[PDB]
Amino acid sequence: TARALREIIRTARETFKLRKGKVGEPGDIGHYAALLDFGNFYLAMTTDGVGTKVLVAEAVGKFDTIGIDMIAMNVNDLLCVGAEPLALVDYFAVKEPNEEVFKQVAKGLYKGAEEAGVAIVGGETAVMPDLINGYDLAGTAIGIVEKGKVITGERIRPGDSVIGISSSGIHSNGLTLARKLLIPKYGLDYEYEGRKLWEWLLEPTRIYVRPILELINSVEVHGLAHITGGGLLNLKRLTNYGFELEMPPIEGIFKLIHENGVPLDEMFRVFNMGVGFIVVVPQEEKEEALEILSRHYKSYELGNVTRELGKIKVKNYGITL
């Protein structure tokens, strides 16, 4: 998988030379977004899809929130270089042009766009039943960040404060594991802690644009990480310094998954475990950062960056990543 993707990554890096010294000259690949040089500012560009969450949407017949998921997966990544999201295009590859599905998808696209402050400006619709067994929804978003205001993680230093913003639930990663582990055994109508299994699996991804844009315009921020594939391992994309953290108690769908045989260390590498976005700020800014974020969503002081390198210590679970 990494082996396969490395072939494309290598080729993409070779193509950087084609814009060397020209408008659009890129930074490196591998971060939450690509940065393209437009002189006084960078354009930030990112691409992501919903994933197999859309199979749960199709199973129950509820498509009016997967547009929120797709917008969230893109605009939340733009935030992680310090960019203001501006615009998005969607790529909708479908087995058939079902009018009711499209109507529902459009509802969630509007709600997500309004929350993120972005215009949906175009896209592609491909009807290909020979290739697509469902309704696959992906997109590409662009944002803007002033030169000198990019937030890469390079400024993260030992001692910095690490703050987590609560997720809304499972978001859009780990659904293949959750689907296969739980649906055949329990049924989509199984009730767990007051919600049906499909409600746990379909709850739309949280959009962090409003709290994060307020944060970065108020306090010094050293790193921003959207918690997606790889779970807490995404922190290692920002820095090689270590982390010492306390994570929230395991609740909801995450507890059901854990009780069905997924060990905790694997959980923290797959699921967001209740924290959808992590910010790293100088310890001098910690109280104000917590104050700002908490006005939008439940937020937690998780811990600190350490001089110890490359380790993520989840102290209250006794787990090291």
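From 1 onward, residues are counted along the sequence shown.
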Comparing average C-alpha B factors as deposited, tell me which of 252-260 and 42-50 sits higher. 252-260
Mean C-alpha temperature factor, higher of 29-37 and 59-67: 29-37
Out of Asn234, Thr152, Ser167, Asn74, which shows the largest CA B-factor listed in the entry? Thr152
Please say which third, lowest, middle or highest, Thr140 falls into when its CA temperature factor is compared across its chain. lowest
Would the CA B-factor of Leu302 place it in the lowest, middle or highest third of its chain? lowest
What third of its chain's C-alpha B-factors does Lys107 belong to: lowest, middle or highest? middle
Looking at the entry's B-factor column for C-alpha atoms only, identify whether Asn217 ranks in the lowest, middle or highest third of its chain. highest
Temperature factor at the Cα of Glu96, chain-ranked in thirds, falls in the middle
